[PDB]
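Asker: Give me a model of this one.
(11 chains, ligands or ions: 102)
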Amino acid sequence: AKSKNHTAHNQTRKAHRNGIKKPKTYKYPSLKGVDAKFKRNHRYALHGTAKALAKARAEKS
Amino acid sequence: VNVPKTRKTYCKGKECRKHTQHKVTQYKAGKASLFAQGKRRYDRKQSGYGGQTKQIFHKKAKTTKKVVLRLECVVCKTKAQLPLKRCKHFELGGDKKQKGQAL
Amino acid sequence: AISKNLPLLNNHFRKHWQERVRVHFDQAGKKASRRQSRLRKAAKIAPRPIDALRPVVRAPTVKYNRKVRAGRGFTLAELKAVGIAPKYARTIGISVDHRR
Amino acid sequence: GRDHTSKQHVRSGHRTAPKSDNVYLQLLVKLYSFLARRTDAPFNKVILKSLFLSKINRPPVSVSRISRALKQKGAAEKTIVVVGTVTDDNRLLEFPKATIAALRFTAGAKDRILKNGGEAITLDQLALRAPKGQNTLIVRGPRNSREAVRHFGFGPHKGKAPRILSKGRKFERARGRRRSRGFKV
Amino acid sequence: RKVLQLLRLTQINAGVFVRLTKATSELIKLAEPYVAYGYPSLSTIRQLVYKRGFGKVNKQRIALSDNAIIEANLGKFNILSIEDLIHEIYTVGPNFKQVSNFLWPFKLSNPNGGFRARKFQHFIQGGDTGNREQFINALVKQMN
Amino acid sequence: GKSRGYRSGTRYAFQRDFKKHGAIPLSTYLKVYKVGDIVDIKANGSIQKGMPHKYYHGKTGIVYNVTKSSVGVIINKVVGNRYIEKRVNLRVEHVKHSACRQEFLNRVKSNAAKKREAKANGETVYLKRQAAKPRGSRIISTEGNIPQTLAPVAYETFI
RNA sequence: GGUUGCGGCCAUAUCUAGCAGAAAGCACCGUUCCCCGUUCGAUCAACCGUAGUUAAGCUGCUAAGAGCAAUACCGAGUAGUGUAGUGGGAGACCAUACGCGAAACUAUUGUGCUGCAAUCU
RNA sequence: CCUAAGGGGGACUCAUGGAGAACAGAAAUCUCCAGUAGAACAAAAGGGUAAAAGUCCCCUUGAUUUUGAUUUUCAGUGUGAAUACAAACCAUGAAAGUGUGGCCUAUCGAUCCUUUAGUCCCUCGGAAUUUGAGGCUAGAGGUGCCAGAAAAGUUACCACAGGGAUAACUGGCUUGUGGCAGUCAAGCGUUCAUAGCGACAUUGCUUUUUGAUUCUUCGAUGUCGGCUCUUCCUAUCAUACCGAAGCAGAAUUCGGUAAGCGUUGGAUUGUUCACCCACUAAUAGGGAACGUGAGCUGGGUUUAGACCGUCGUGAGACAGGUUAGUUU
RNA sequence: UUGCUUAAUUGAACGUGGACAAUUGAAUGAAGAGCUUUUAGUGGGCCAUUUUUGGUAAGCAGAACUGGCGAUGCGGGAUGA
RNA sequence: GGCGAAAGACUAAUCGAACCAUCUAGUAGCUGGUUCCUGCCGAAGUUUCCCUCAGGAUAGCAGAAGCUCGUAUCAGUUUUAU
RNA sequence: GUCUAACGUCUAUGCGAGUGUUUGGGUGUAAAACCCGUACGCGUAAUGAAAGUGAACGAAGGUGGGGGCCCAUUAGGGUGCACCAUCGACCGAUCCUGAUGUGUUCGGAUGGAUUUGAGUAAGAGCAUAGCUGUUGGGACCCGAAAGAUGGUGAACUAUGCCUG
Ligand SMILES: CC(=O)O[C@@H]1[C@@H](O)[C@H](O[C@H]2[C@H](OC(=O)[C@H]3CC[C@@H]4[C@H](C3)O[C@@]3(C[C@H](OC(=O)/C=C/c5ccccc5)[C@H](C)CO3)[C@]43CO3)O[C@H](C)[C@@H](O)[C@@H]2OC(C)=O)O[C@H](C)[C@H]1O
Ligand SMILES: NC[C@@H]1O[C@H](O[C@H]2[C@@H](O)[C@H](O[C@@H]3[C@@H](O)[C@H](N)C[C@H](N)[C@H]3O[C@H]3O[C@H](CO)[C@@H](O)[C@H](O)[C@H]3N)O[C@@H]2CO)[C@H](N)[C@@H](O)[C@@H]1O
Ligand SMILES: NC[C@@H]1O[C@H](O[C@H]2[C@@H](O)[C@H](O[C@@H]3[C@@H](O)[C@H](N)C[C@H](N)[C@H]3O[C@H]3O[C@H](CO)[C@@H](O)[C@H](O)[C@H]3N)O[C@@H]2CO)[C@H](N)[C@@H](O)[C@@H]1O
Ligand SMILES: NC[C@@H]1O[C@H](O[C@H]2[C@@H](O)[C@H](O[C@@H]3[C@@H](O)[C@H](N)C[C@H](N)[C@H]3O[C@H]3O[C@H](CO)[C@@H](O)[C@H](O)[C@H]3N)O[C@@H]2CO)[C@H](N)[C@@H](O)[C@@H]1O
Ligand SMILES: NC[C@@H]1O[C@H](O[C@H]2[C@@H](O)[C@H](O[C@@H]3[C@@H](O)[C@H](N)C[C@H](N)[C@H]3O[C@H]3O[C@H](CO)[C@@H](O)[C@H](O)[C@H]3N)O[C@@H]2CO)[C@H](N)[C@@H](O)[C@@H]1O
Ligand SMILES: NC[C@@H]1O[C@H](O[C@H]2[C@@H](O)[C@H](O[C@@H]3[C@@H](O)[C@H](N)C[C@H](N)[C@H]3O[C@H]3O[C@H](CO)[C@@H](O)[C@H](O)[C@H]3N)O[C@@H]2CO)[C@H](N)[C@@H](O)[C@@H]1O
Ligand SMILES: NC[C@@H]1O[C@H](O[C@H]2[C@@H](O)[C@H](O[C@@H]3[C@@H](O)[C@H](N)C[C@H](N)[C@H]3O[C@H]3O[C@H](CO)[C@@H](O)[C@H](O)[C@H]3N)O[C@@H]2CO)[C@H](N)[C@@H](O)[C@@H]1O
Ligand SMILES: [Mg+2]
Ligand SMILES: [Mg+2]
Ligand SMILES: [Mg+2]
Ligand SMILES: [Mg+2]
Ligand SMILES: [Mg+2]
Ligand SMILES: [Mg+2]
Ligand SMILES: [Mg+2]
Ligand SMILES: [Mg+2]
Ligand SMILES: [Mg+2]
Ligand SMILES: [Mg+2]
Ligand SMILES: [Mg+2]
Ligand SMILES: [Mg+2]
Ligand SMILES: [Mg+2]
Ligand SMILES: [Mg+2]
Ligand SMILES: [Mg+2]
Ligand SMILES: [Mg+2]
Ligand SMILES: [Mg+2]
Ligand SMILES: [Mg+2]
Ligand SMILES: [Mg+2]
Ligand SMILES: [Mg+2]
Ligand SMILES: [Mg+2]
Ligand SMILES: [Mg+2]
Ligand SMILES: [Mg+2]
Ligand SMILES: [Mg+2]
Ligand SMILES: [Mg+2]
Ligand SMILES: [Mg+2]
Ligand SMILES: [Mg+2]
Ligand SMILES: [Mg+2]
Ligand SMILES: [Mg+2]
Ligand SMILES: [Mg+2]
Ligand SMILES: [Mg+2]
Ligand SMILES: [Mg+2]
Ligand SMILES: [Mg+2]
Ligand SMILES: [Mg+2]
Ligand SMILES: [Mg+2]
Ligand SMILES: [Mg+2]
Ligand SMILES: [Mg+2]
Ligand SMILES: [Mg+2]
Ligand SMILES: [Mg+2]
Ligand SMILES: [Mg+2]
Ligand SMILES: [Mg+2]
Ligand SMILES: [Mg+2]
Ligand SMILES: [Mg+2]
Ligand SMILES: [Mg+2]
Ligand SMILES: [Mg+2]
Ligand SMILES: [Mg+2]
Ligand SMILES: [Mg+2]
Ligand SMILES: [Mg+2]
Ligand SMILES: [Mg+2]
Ligand SMILES: [Mg+2]
Ligand SMILES: [Mg+2]
Ligand SMILES: [Mg+2]
Ligand SMILES: [Mg+2]
Ligand SMILES: [Mg+2]
Ligand SMILES: [Mg+2]
Ligand SMILES: [Mg+2]
Ligand SMILES: [Mg+2]
Ligand SMILES: [Mg+2]
Ligand SMILES: [Mg+2]
Ligand SMILES: [Mg+2]
Ligand SMILES: [Mg+2]
Ligand SMILES: [Mg+2]
Ligand SMILES: [Mg+2]
Ligand SMILES: [Mg+2]
Ligand SMILES: [Mg+2]
Ligand SMILES: [Mg+2]
Ligand SMILES: [Mg+2]
Ligand SMILES: [Mg+2]
Ligand SMILES: [Mg+2]
Ligand SMILES: [Mg+2]
Ligand SMILES: [Mg+2]
Ligand SMILES: [Mg+2]
Ligand SMILES: [Mg+2]
Ligand SMILES: [Mg+2]
Ligand SMILES: [Mg+2]
Ligand SMILES: [Mg+2]
Ligand SMILES: [Mg+2]
Ligand SMILES: [Mg+2]
Ligand SMILES: [Mg+2]
Ligand SMILES: [Mg+2]
Ligand SMILES: [Mg+2]
Ligand SMILES: [Mg+2]
Ligand SMILES: [Mg+2]
Ligand SMILES: [Mg+2]
Ligand SMILES: [Mg+2]
Ligand SMILES: [Mg+2]
Ligand SMILES: [Mg+2]
Ligand SMILES: [Mg+2]
Ligand SMILES: [Mg+2]
Ligand SMILES: [Mg+2]
Ligand SMILES: [Mg+2]
Ligand SMILES: [Mg+2]
Ligand SMILES: [Mg+2]
Ligand SMILES: [Mg+2]
Ligand SMILES: [Zn+2]
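Answerer: Numbering: from 1, shown residues only, chains lettered A, B, ... in the order given. Ligands and ions are numbered 1, 2, ... in the order given. Dropping the coordinates below:
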C-alpha cells in the first residue's frame, strides 16, 4: 500500500475562509478559576454593597 | 522496594479524623464467592450446549502487579487502602539501608 | 451506522415483520356490521334490554382508587339484601358475581 | 477578472415577506409596508419586520408578562403590541385594565383582558389609533425556553440536554457521566 | 494580495491615490512587484477626475457629473466643486483621506502605445513595476 | 520512534542567559501583580515548579488570578479557525510586567496635560499620532563642503 | 566624603601583583565557669573590651595588566537574507533590481552606581 | 528502580592540579594552596543546580484526606503526566517558609465481571428479624495490536469480490553496477613520459548487465531458447584506400575515411552463455516489445499424475533432482 | 461594602459621587457587524519556485510556506494537467 | 453418502462433496450503472479515534434557513511602542 | 434513492397550559362527510442508585450592553421585552454543622462548602402536513465463492450379486 503520511498544505486556506477570528470581549469576563477564598468573600462584599446602595435610593424615592 | 510495617497517615474514620499510627499489611484479594450475581449469571450461561460463552484472556503483557497496602488504624480499626507503583520486588519492614558500610 | 447528534432509536424490524402486518382497511366495514348485529340482537329480544345491570365497584390499585367503574356482577350479599336469588336474578336481566 | 473581497451574489439573509400564504396576514404587511415606507417612525419598521418572523421566532406572550411589563414605571396605559399569540396565565392573582394589540388572543387571555376592563384589538386597529406607534411597548416572548434549544450546542462539559427518547437510570447515565464508571463529561 | 485589497486595487489597470507617510509607503513597498506608481502632476489629476472620476455614494459608483454630488458627499469637508476635490488631492490637504476614499478606484484602459516589452520587472531594470516617479504622468496619459 | 514530551525542543529556549545562571534576584519576588496587569511570559529553567509550557514562552497576556506564589494569565491561542482562551498558572519567576503599558499610559497623561493647557491658553492642540512624513525642502551650503566626485574602483585581488 | 548594619541592580563591582590607609567603625586579637559543638574552643558556643595590632581582612591608588563595560567616517553597507525577471551559466553557482542587514576584527574611552538606618577628626 | 534515591532543617563543598608526610611506590592515609563546577544528582539524553538540587548529619511520612479549576497530547473527548489554589490533617525548622512523591522533560490502562476498603447508608417490591444477595463512593486483578476481539496450519485440487492503490515480461526516468572512452602525466618502454603503454587522480559516454523505482497494462499485450527472415547501429573481425611504428624484408601493432560487402560446418548442453574440433579473408559486437508462437517447435520454465533427497507431527514445502503431460 | 488581607484607619475586588466632549487619542480598507441551527460531498492526491531529508541518482521516496492543477476554459510555450 | 487394483478418480457431457426446489431479493468496507433544463453558491484528499491502511466516526472545508442589530468594531496589511 | 415504523432541524396551520374527533360510540345520501366522550399519550417538576425530598430574600434579583417606547432641547435623561456577558438567590444529589425533642437511636432545626443535575427563576406545548437528514427493513439497481432444510437420480459410470 503506502500513502501520504502528513501535510499541512491547504490548512491555512481552510482556516481563513471564515476563521482566524478573534473572540469577542465583554465588560465582565467569567470568573472561573479565580481563588475560592476571595470569590466567597467577593460575594459578601457585593451583597453588602447592594444593601447600602438600595437604602440610599430608597431614601431618594 | 522496602516499606515499614507502620505508618502515620490521616484516618478518615469519624471518631479519629486525624493522623494516627496505622499497621501496614499487603492487601490480598478475597476468594471469589459462588453467589455473586455475575458468577450466578456466568454459571447459567455456560450450562447446556454452545461451548465456552465468555472470552478468555491470553495476550499477557504486564510483568508486575500493583502492590496495595492495607492501612488499619490502631484507634478505630478503620481500614484504608493505598496503591503503590509497579515493583518487581517488595518487602514489608525489611532491613533499612546502611549507608557508608563496606562490601 | 452511527452519525450526527441524534437520539438512539430502537426500531425492532430485524425479523420477518412484513409477513405479520395487519392493516385495518375494514374499520368502517366492521363498524357497520357491528352496528347491524347490535340492532339485530335488540330486535330479537325486545323489549328486554340488551345489557344486564352491572354493579358499581372501586377500581383497584393506589392510582385508580378515586375512580369508580362498572363491575361484573352484584355480590351474593348484595342480591341477598334485595331478596333476589342469583338463579332467578340471572333470568331478569341482573348480572351476578360469585367472586366479589 | 476581479479579486473579490467579499462573496458575490449573496442574498440578504432576512425575510422580505411572510412565508405564510394567509391572505389576511399579507394585508397587514401591506398596511405596514406602507407605514414603514412613509412615516419615518422606527416603530413601524420593526412591526413590518416582525410580521415576517416564523412561529418559533414569535413565541407566545403570556398575559402575566404583559402584567409585569405594565408594572414598569410610567407604563400603566401604554399599549402592548405582541406580533403573535397572547396566551392566558391562570397563575395570576389579578390583571389590570389594559389595551393590548396582538395577532391572536387565546380564549382565557381575551376573556381576562376584557373582564378586567381592557381591550383586545388587532394590529390594524392599532395602526389607526397609533400610526406612529406613539406611547407603545412591544412585548416579545421567551425565545430560549423552547425544548429544541435544550439540545443545541451539546458536547463534553457543555451542560446541555442529550437527544434521547426514553429517560431513566438505564439510558445514557453510566460511562462518561460518572467517575465510578470511567470518566465524566 | 491583502495589501492590494486594502489599497482598493482589486483588478488590473485600477488606479488609486496614496498620501505618502511611512505606513502607506511600506504598504506600497509590499505591492511593488505588481504596481506602477509615481508622482502625478496637477493636470494628470484633473484629467483623471474629469474623465474617469466616480464617487462612492451609498456603496454605488456614480459619475461626478455635477458639483452637487460632490457637495452632498464632501461638504462637511469643505469640498463644493470638482476643483476643490482636485486641489485637496494634489496639495494633500487635511481631508485627503475622506476625499480619496470617496473616489471610486479609477478604471483605466490599457496604454495606447503599449507597455514595455516585459511589464513585470522594475522600471529601473527596463520593466514597468515600481516607482517611475514622473513617468507615471506619461503612463496615465497612455492609459486614461 | 517519535518523541513529543512536555519539554521537547526546549534545549535553548529554557536555558538561562549566558553568565546569568543561578539565584533569582529578589526584585522578581518583590514585584506586585494585580488582576488586569499585562505580563510577558519567559520560562526560567532553574525554577521547575509552575513552569509555563513551551508555547507560552515569549507570549504576553493579562493576569486574571493572584495566588500565594503564582499568577494566572489569559492567553488567546490559535486552534484551527478561532482563538481559544488559555488560562495558565505561573509562578512569578516566569513572569514580568509588559513594558507596553507604561508607554501608552504615558501618552494618555501627556495628551491630558497639553489639552488642558491649550484649554488654559484658549487654543487647540492636535494629539493623534502620525507616521513619519516625507521631509521638506532644504538648502545645502558648500562652504567647507564642495562636492567630491567619486568613481567606481578597478578590480583587485587582495590575497 | 570615610565606616558599619540591611540592601537594589549583579564584574564599569571580578582576577593577578605591588603600595597607601587620619578619625570612627569593622577586624584580627585575649579567656573557657556557664548555654553549646568539635579528633582538635581551628570552625561553632559563651565571657571579657580587659593584654596587643593595622600584619592580615577591608578601603583607596598604581599596571601600554588579564577580564569586563560603553562608543564609532573601525571593519562593512561586507557575510547573510525578504521580494523580482521567459536575467547569466551545461551545471555548480553568479550578477542585477526594490528592501532589511550581522559576527569576528580594529581604535578610543571607562573600571561600580546607588536606597534605608546609624556613626566619625 | 527508591522508607529513601520522598519531605523538612542544618552543616560542608565537588572533578582535578601543584607543593609536602615512615614502610608507601603512578594508585592506600594525612596537610596546605589553587580550584565557575572542568563532579554528583537511579536509569537515555537535554535542561537545571555551589553558604545547593551535590556530600554528610538530625527528625520524619505531604508517597495522607475531600473534591473542583487549569496545562500538554486534544475533537479542546478519554488516558497518562504535570501546574496553581480551596478545605483538612500532619512533618520539619528558632522562624519566614517549604512539603499533595522522586530537580524538570518518559516510566502506563475503559465498559462487563471479581475482590478489597469506605458509608454501616439504600433495596430484595404483602409485613418483619437474622443470613445471603443486590446498590452508592475509592482502589486492585488488564487488555504492550498499549481508545482496550477470545483464536494454529496447508492447498502444486482450488474458489469468489476486486486491484495496475501492488509483484512476476516489454516499455519510461536514473546509471550506482556493468560496458566503453577521455584529460593531467609519476612510471614502464636497453637510452627515451606520450612507437606502444600508463599509476594517483579526474571528466565523460552508453543502455547489449544487474540493481533502483512502480508511471502504463491484472473485464489477460501468449512468459525461455532454437529454427526461419528482413532491416537497422558502429564501439570495424575480414575485404578497399591511406597515415604511424622500438615499419630492413615477411609478419605484426597503433590510427583515419569507412557498416559498401561478408562473418561458417560440427561434438556436449533446452539453453542464452560456455567449451572443444575444424574450415575460413574473417569466423566482430549489438538493436528492432530482451524483433520474430493466429510463423513453427515445445526441449526448459510454470497446473493437475508420479519417484527421490532434505524439511515438516501432519496436511504439505523446496526459488533441489527426475519422468509423463491438448500450443485454438 | 466585605466573613478576605494588613501592626493599622493598611490593601484587594466590586461600587456611589465629581472632573476630563468630538483630533475620544496612528495608517489603510471595510457590498456592515454579531449570532444560531441543520445537512451534503470529502477523508488515494499531484505539480512549480524556494527551504529541506534519505538516496549515485530517478518522470524516486518524504517534510516546510505559498501559489496552482485536480475542479479551468481562454492567449502564448508547435505539441503537453 | 456411495463406489474406488487409489487418479481426489467415478457417481447421467456435473465431482477436492452430484442434481432439483426452497430459506433467498442470502451478505458484500469491492465492480459496474444511476434517466429533463436553467440560475446562484461551491469543496476535500487534512486533525483525532478505530483488527484502522480500498472503510467508518470525528473536526475542518461547503450549502441552505435565517435571527439580533445598523458603523456598532472588525482585518492572511502597515506604522509606533514593547 | 422507493414505501413503512420510529426519529432530528426548519417551515406552514389549528388551538394553546393545554393539545390530539376516527380504539371505540353516534350518524349517514354508507369505506366518504358530519357528530360524541371516558380514558390514554405527550406537556404542565426536577433530582437521586435508592429510601426519598421537592422549586420567590427582593417589585421572581443585581451589574454592563440592548431594539422599541416616553420626556427632552445638539446632546442628555427615563423605561427598558427578546437576547448577550457576568455575579447572586431557589429545588434535587454529595460533604460539613447538628436546636428544642426522643421507642436513645431516631429526629434535622440552624448555619456552611473551588462539589454536582438533562432543574426553578410569571409556563409552551400538542397535533397535522412538507422538504431534507437518521435507524431498522430486499432498502438506489444488478452481482459472489459459500451456509442450511427437504427432496430426485447407478438409463453414464464405479464396485458386489443373479442369469445369459
Ligand atoms: C483459568 C483462566 O485463566 O481463565 C480465566 C477465567 O477462568 C475467568 O473466568 C471467570 C469469569 O470471567 C468472566 O466471565 C469475564 C468477566 C470480566 C472480563 C473478563 C472475564 O475479566 C476481565 C478482564 C480483566 O481481568 C481478568 O482477567 C479477570 C480475572 C478473574 C479471575 C477470577 C474471577 C474473576 C476475574 C480485567 C481486569 C477486568 O475483568 C473482563 C474484561 O475482560 O467470571 C466468573 C465470575 C468466574 O467464575 C470465572 O473464574 C473462574 C473460577 O472460572 O476469567 C479470566 C479472565 C480468565 O483468565
Ligand atoms: N466481605 C466478604 C463477603 O461478605 C459477605 O457478606 C457480606 C454482605 O452480606 C454484607 O456486605 C455488604 C454488601 O451487602 C454490599 N453490597 C456492599 C457493602 N460494602 C458490604 O459491606 C461489607 O463490606 C464493607 C467493605 O469493607 C465493610 O466495610 C462492611 O463492614 C461489610 N458489611 O455484609 C457482609 C460482610 O460483613 C459474605 N460474608 C462473604 O462470603 C463475602 O465474601
Ligand atoms: N535497464 C534498467 C531497467 O530495467 C527494467 O526492467 C527489468 C529488468 O531490467 C530487471 O528485472 C530483473 C531481470 O533482469 C532479472 N534477470 C531477473 C529479476 N527477477 C528481474 O527483477 C529483479 O530486479 C528488479 C529491479 O531491481 C526487482 O524487481 C528485483 O530486484 C528483481 N525482481 O529489473 C526490471 C524490473 O524487474 C525496466 N523495465 C527498464 O525500463 C529499465 O531500463
Ligand atoms: N589472406 C589474408 C592473410 O593470408 C595469409 O596467408 C599466408 C600465406 O598463404 C602467405 O604466404 C605466401 C604468399 O605471401 C604468397 N603471395 C603466395 C605463397 N604461396 C604463400 O605461401 C604460403 O602458402 C603456401 C601454399 O599453401 C605454403 O606452402 C607456404 O608455406 C606458405 N608460406 O602469406 C601469409 C603468411 O603466412 C595468412 N593466412 C594471414 O596473414 C591472412 O589470412
Ligand atoms: N515596528 C513595527 C513592527 O510590527 C510588527 O508587527 C506588526 C504587524 O506586522 C503584526 O501583525 C500580525 C500579522 O503579521 C500576523 N500575520 C497576524 C497577527 N494577528 C498580526 O498581529 C497583530 O494583530 C493582532 C490582531 O490581528 C493583535 O493582537 C496585535 O495588534 C498584533 N499581534 O503585528 C504588529 C501590528 O500590531 C512587530 N510587532 C514588530 O516587529 C514591530 O512592532
Ligand atoms: N531586536 C528588537 C526587536 O525587534 C522588533 O522589530 C524589529 C523587526 O522584527 C521588525 O521587522 C519588520 C517585520 O516585523 C515586518 N513584518 C516587516 C517590516 N518591513 C520589518 O521592518 C523592517 O523594515 C522597516 C521599514 O520597512 C524598518 O523600520 C525596520 O527596522 C526593519 N526591521 O523591525 C524591527 C527593527 O528593529 C522591535 N523593533 C523590538 O521591540 C524587538 O525587541
Ligand atoms: N407516548 C409515546 C409515543 O409517542 C409517539 O408520539 C410522539 C411523536 O409523534 C411526537 O414527537 C415530538 C415531535 O413531533 C416534536 N417536534 C418534538 C418532541 N420532543 C417529540 O416528542 C418526543 O419526545 C417525547 C418526550 O418529550 C417522547 O415521549 C416522544 O416519543 C418523542 N417523539 O410527540 C409524541 C409524544 O409521544 C407515538 N404516539 C407512539 O410511538 C407513542 O405513543
Ligand atoms: Mg491518507
Ligand atoms: Mg506512520
Ligand atoms: Mg439449567
Ligand atoms: Mg452438559
Ligand atoms: Mg444452547
Ligand atoms: Mg450454552
Ligand atoms: Mg478469561
Ligand atoms: Mg482458551
Ligand atoms: Mg467578470
Ligand atoms: Mg422558565
Ligand atoms: Mg461546570
Ligand atoms: Mg437497552
Ligand atoms: Mg483518576
Ligand atoms: Mg496602434
Ligand atoms: Mg515535582
Ligand atoms: Mg532528591
Ligand atoms: Mg531526604
Ligand atoms: Mg541545606
Ligand atoms: Mg573546561
Ligand atoms: Mg576535561
Ligand atoms: Mg465550579
Ligand atoms: Mg480536556
Ligand atoms: Mg488529560
Ligand atoms: Mg506522555
Ligand atoms: Mg500528581
Ligand atoms: Mg506554619
Ligand atoms: Mg499546604
Ligand atoms: Mg491523588
Ligand atoms: Mg506507555
Ligand atoms: Mg484498573
Ligand atoms: Mg464494578
Ligand atoms: Mg479477582
Ligand atoms: Mg460489584
Ligand atoms: Mg417479594
Ligand atoms: Mg446484611
Ligand atoms: Mg512490545
Ligand atoms: Mg489496536
Ligand atoms: Mg490504537
Ligand atoms: Mg506452492
Ligand atoms: Mg479434476
Ligand atoms: Mg502502478
Ligand atoms: Mg555508469
Ligand atoms: Mg581510465
Ligand atoms: Mg625510463
Ligand atoms: Mg513495472
Ligand atoms: Mg486490456
Ligand atoms: Mg488477447
Ligand atoms: Mg499481440
Ligand atoms: Mg569508426
Ligand atoms: Mg582500419
Ligand atoms: Mg546494408
Ligand atoms: Mg546442431
Ligand atoms: Mg547440437
Ligand atoms: Mg533491455
Ligand atoms: Mg522476445
Ligand atoms: Mg507475431
Ligand atoms: Mg501458437
Ligand atoms: Mg519463442
Ligand atoms: Mg492462417
Ligand atoms: Mg511449453
Ligand atoms: Mg515440456
Ligand atoms: Mg521437466
Ligand atoms: Mg507436475
Ligand atoms: Mg521440483
Ligand atoms: Mg505419454
Ligand atoms: Mg459524511
Ligand atoms: Mg466524513
Ligand atoms: Mg494515491
Ligand atoms: Mg478513498
Ligand atoms: Mg478526483
Ligand atoms: Mg487555469
Ligand atoms: Mg493553446
Ligand atoms: Mg517547445
Ligand atoms: Mg449410510
Ligand atoms: Mg493429488
Ligand atoms: Mg462426469
Ligand atoms: Mg443474489
Ligand atoms: Mg463563483
Ligand atoms: Mg481494537
Ligand atoms: Mg495500506
Ligand atoms: Mg476495503
Ligand atoms: Mg477504487
Ligand atoms: Mg390529557
Ligand atoms: Mg418545563
Ligand atoms: Mg439565607
Ligand atoms: Mg444547592
Ligand atoms: Mg461529590
Ligand atoms: Mg442521624
Ligand atoms: Mg451551591
Ligand atoms: Mg438489492
Ligand atoms: Mg448457493
Ligand atoms: Mg457457515
Ligand atoms: Mg439432505
Ligand atoms: Mg447400468
Ligand atoms: Zn482511626
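Asker: Give me the distance between the closest residue in space to residue E:36 that isn't next to it in sequence and chain A.
Answerer: The spatial neighbour of residue E:36 that comes closest, neighbours along the chain excluded (Cβ to Cβ, 6 or more residues apart in numbering or on different chains), is residue E:128 at 5.1 Å. No exception for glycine: its C-beta is placed from N, CA and C like everyone else's. Noted for residue E:128: a distance of 30 Å to chain A, by Cβ to the nearest Cβ, to the nearest Å.
Asker: what's the neighbour count on residue 28?
Answerer: Since you didn't name a chain, this refers to chain A. A total of 5 residues lie near residue A:28 under the criterion other Cβ atoms under 10 Å in any protein chain shown.
Asker: wait, I meant chain F there
Answerer: Counted with other Cβ under 10 Å, the burial measure for residue F:28 works out to 15 neighbours.
Asker: if I look at residue D:16, how far off is residue D:48?
Answerer: When Cβ to Cβ, to the nearest Å is applied, the distance between residue D:16 and residue D:48 equals 10 Å.
Asker: Ignore what I typed, I meant residue B:25.
Answerer: With Cβ to Cβ as the criterion, residue B:25 and residue D:48 are 82 Å apart.
Asker: and these two? which has more neighbours close in?
Answerer: It is residue D:48, of residue B:25 and residue D:48, that has more neighbours when counted by other Cβ under 10 Å, with 20 against 14.
Asker: what kind of secondary structure is that one in?
Answerer: Three-state secondary structure (criterion: DSSP: H, G, I helix; E, B strand; the rest coil) places residue D:48 in helix.
Asker: Surely it and residue D:32 touch.
Answerer: Yes: here residue D:48 lies in contact with residue D:32, judged by Cβ atoms under 8 Å, at a distance of 4.1 Å.
Asker: Just the element for residue D:113, please.
Answerer: helix D:107-115 (DSSP states H and E).
Asker: Need the residues that contact that helix.
Answerer: Counting by Cβ atoms under 8 Å, 6 or more residues apart in numbering or on different chains, the neighbours of helix D:107-115 from elsewhere in the structure are D:63, D:86, D:87, D:88, D:90, D:92, D:95, D:98, D:100, D:105, D:119, D:120.
Asker: one more time with 7 Å, if that's ok
Answerer: Contact with helix D:107-115 is made by D:63, D:86, D:87, D:88, D:90, D:95, D:98, D:100, D:120, as judged by Cβ atoms under 7 Å, 6 or more residues apart in numbering or on different chains.
Asker: among those, which are in helices?
Answerer: In helices, defined here by DSSP state H, the members of these are residue D:63.
Asker: Would you write a PyMOL line that selects the buried entries of the contacts of helix D:107-115?
Answerer: Selecting the buried subset of the contacts of helix D:107-115 in PyMOL, with 16 or more other Cβ atoms under 10 Å in any protein chain shown as the burial test, is done by:
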select buried, chain D and resi 63+86+87+88+95+98+100+120
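Asker: possible to save the contacts of helix D:107-115 as CSV with distance to ligand 12?
Answerer: As requested, the contacts of helix D:107-115 are arranged in CSV below (distance: Cβ to the ion, whole Å):
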residue, distance to ligand 12
D:63, 66
D:86, 66
D:87, 61
D:88, 63
D:90, 61
D:95, 71
D:98, 75
D:100, 72
D:120, 72
